[PDB]
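First up is the structure itself, then whatever we jot down about it.
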Amino acid sequence: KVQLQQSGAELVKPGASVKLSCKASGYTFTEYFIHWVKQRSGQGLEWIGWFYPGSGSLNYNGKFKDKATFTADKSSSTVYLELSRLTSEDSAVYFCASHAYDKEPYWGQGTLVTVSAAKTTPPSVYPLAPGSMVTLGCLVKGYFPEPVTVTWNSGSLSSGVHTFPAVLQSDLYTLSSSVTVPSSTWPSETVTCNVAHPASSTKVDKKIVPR
Amino acid sequence: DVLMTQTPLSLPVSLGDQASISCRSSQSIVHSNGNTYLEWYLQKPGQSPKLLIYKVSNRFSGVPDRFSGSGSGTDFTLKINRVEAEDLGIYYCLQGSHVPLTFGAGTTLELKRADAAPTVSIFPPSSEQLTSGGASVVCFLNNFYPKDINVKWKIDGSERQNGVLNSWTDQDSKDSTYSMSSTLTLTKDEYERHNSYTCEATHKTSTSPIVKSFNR
Ligand SMILES: CCCCC[C@H](O)/C=C/[C@@H]1[C@@H](C/C=C\CCCC(=O)O)[C@H](Cl)C[C@H]1O
């Protein structure tokens with residue numbers, strides 16, 4: 001079976017460089033092309049270039065000539081993509097793909113690259129209480145890195161919940177989560193958001209109380 | 001470079017529907033060796049794109065036979081015979097005949113449902129955030145359809161643009177709607193110097209915005 005193993009998620013300081021790896025198995029390494037593809041969050045696929053380990057031949061999309069460098073280590077069936085001087089625009093998932101000439105390609109699972117200068121930081125969690133149904137919320141602000149896990153009432157409240165994708169602002173993540181319940185349930189019953197952040201090994205609760 | 005133009009940008013479908021989506025290249029993509037390297041991919045959130053069709057019309061191993069590709073020259077089409085839920089996602093075409101290799105911008109297949117206006121809710125800063133010296137005003141625009149929507153912030157009657165951050169959910173697994181969150185962030189100082197805060201939701205279901213506000 002052709003398999004491509006890509007390296008794990010990278011947290012990269014702004015301005016620094018990073019080297020991503022794609023380790024191949026299940027075929028003669030020197031006889032397949034490797035391509036790299038970029039995908040920014042919520043955007044489409046961009047081709048970076050191709051590299052043929054068996055000769056060292058390569059080609060870059062001109063859009064990436066000052067940003068990407070392909071190399072290989074034949075002794076470990078690995079090809080590398082080095083990205084130089086990272087900016088916010090370089091934050092993306094990077095996929096590698098492999099194929100023999102005139103044959104269909106096999107894709108790796110992708111490597112997430114996130115650019116930020118932040119250190120590990122637990123979230124501040126703030127209650128969102130309103131001024132037949134009622135909508136409540138929690139604002140989960142200023143954490144790093146992803147992910148957090150948000151639940152309501154320790155998971156017993158799952159329907160009517162929207163937890164929104166986090167956004168990076170000033171190098172830290174912010175997200176919100178909403179829950180909608182019958183007015184006959186709140187504030188007469190307890191509604192609490194729970195936020196776990198694995199990187200900081202923290203979990204905090206915030207009960208939503210009327211203003 | 002070869003421009004790949006996919007249409008439509010989005011296609012609402014019901015399960016069991018026929019679907020047909022198009023990919024047109026700006027120039028011929030017949031390679032000098034005689035082959036046409038045109039591929040179709042389906043991508044779901046958080047996953048790698050999966051290969052469906054290669055060399056115009058060939059189904060990749062393991063791909064259901066309800067998928068078929070055709071075309072010649074600059075004109076290519078992917079068809080689905082009876083859409084199933086696992087077919088929902090974004091479809092990309094890719095030409096591999098001329099470097100640089102280029103992708104289409106994607107066609108989203110999403111589940112059709114009745115149009116629905118957003119449920120809009122606005123929230124002033126928590127006292128906890130204020131005590132900490134910050135101020136975020138949050139607006140939820142929930143369970144609407146279709147996905148296109150616009151939010152506008154107003155402070156004391158005046159439109160605000162800076163300090164607004166938006167986030168959107170994927171189509172809901174249970175009710176097929178979309179939701180959006182909009183957060184206006186301010187310093188505590190500026191927040192206390194104004195009175196009315198307003199978030200306005202413009203959606204196709206109405207001519208006028210849904211307007212939510214509060215006063216300090
Ligand atoms: C993410 C891209 C995946 C691969 C797309 C497509 O399957 C590949 C097409 C290849 C074409 C373009 C790829 C690399 C150019 C290599 C030219 C050379 O052999 O010197 C070559 Cl000409 C043959 C064909 O197999």
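Protein chains get the first letters and strands the later ones, always in sequence-line order, with residue 1 at the start of each. Each ligand, and each atom within it, is numbered from 1 in the order the structure gives. FYI, side chains are in, hydrogens and waters are out, and symmetry mates aren't considered; it's all heavy atoms of this structure.
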Counting heavy atoms only, which part of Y37(B) comes closer than 4.0 Å to ligand 1: side chain, backbone, both or neither? side chain

Does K206(A) come within less than 4.0 Å of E128(B), counting only side-chain N to carboxylate O? no

May I ask you to decide if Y94(A)'s main-chain N or O and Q6(A)'s side chain share a donor-acceptor pair within less than 3.5 Å? yes

Taking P165(A)'s backbone N and O only, do any of them form a donor-acceptor pair with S167(B)'s side chain (distance below 3.5 Å, no angle check)? yes

I'd like to know if the side chain of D171(A) and the backbone of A117(A) have a donor-acceptor N/O pair within less than 3.5 Å. yes

Numbering the atoms of ligand 1 from 1, which are under 4.0 Å from a heavy atom of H31(B)? 22 (Cl)

Determine, considering heavy atoms only, which of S97(B), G49(A), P105(A), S32(B) sits nearest to atom 3 (C) of ligand 1. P105(A)

If only atom types and distance count, is the side chain of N61(A) paired as donor or acceptor with the main-chain N or O of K63(A) below 3.5 Å? yes

Considering the heavy atoms of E39(B), write down every atom of ligand 1 situated less than 4.0 Å from one of them. 5 (C), 6 (C), 7 (O)

Check: of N59(A), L101(B), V37(A), min heavy-atom distance to atom 1 (C) of ligand 1 comes from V37(A)

Does an N or O anywhere in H35(A) fall below 3.5 Å from an N or O of ligand 1? no

Give the C-alpha distance, both sets of side-chain angles, the deciding distance and a yes or no for side chain to side chain donor-acceptor pair (under 3.5 Å) between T151(A) and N194(A). CA-CA 5 Å; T151(A) 53; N194(A) 327 107; 2.8 Å; yes

Test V120(B) against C199(B) for side chain to side chain contact (heavy atoms under 4.5 Å, CB included), laying out the working first. CA-CA 9 Å; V120(B) 184; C199(B) 68; 4.0 Å; yes

List ligand 1 atoms under 4.0 Å from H99(A), heavy atoms only on the residue side. 4 (C), 8 (C), 10 (C), 25 (O)

Considering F33(A), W47(A), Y32(A), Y41(B), which one's heavy-atom position lies nearest to atom 19 (O) of ligand 1? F33(A)

Could you work out, for atom 20 (O) of ligand 1, the closest of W50(A), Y106(A), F103(B), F95(A) by heavy-atom distance? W50(A)

Atom 11 (C) of ligand 1: of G96(B), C96(A), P49(B), the nearest heavy atom sits on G96(B)

Below a 4.0 angstrom heavy-atom separation, can you tell me which part of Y52(A), side chain or backbone, both or neither, approaches ligand 1? neither

Main-chain N/O of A196(A) paired with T149(A) side-chain donor or acceptor, under 3.5 Å: no

Within reach of ligand 1, part of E104(A) (heavy-atom separation under 4.0 Å): neither

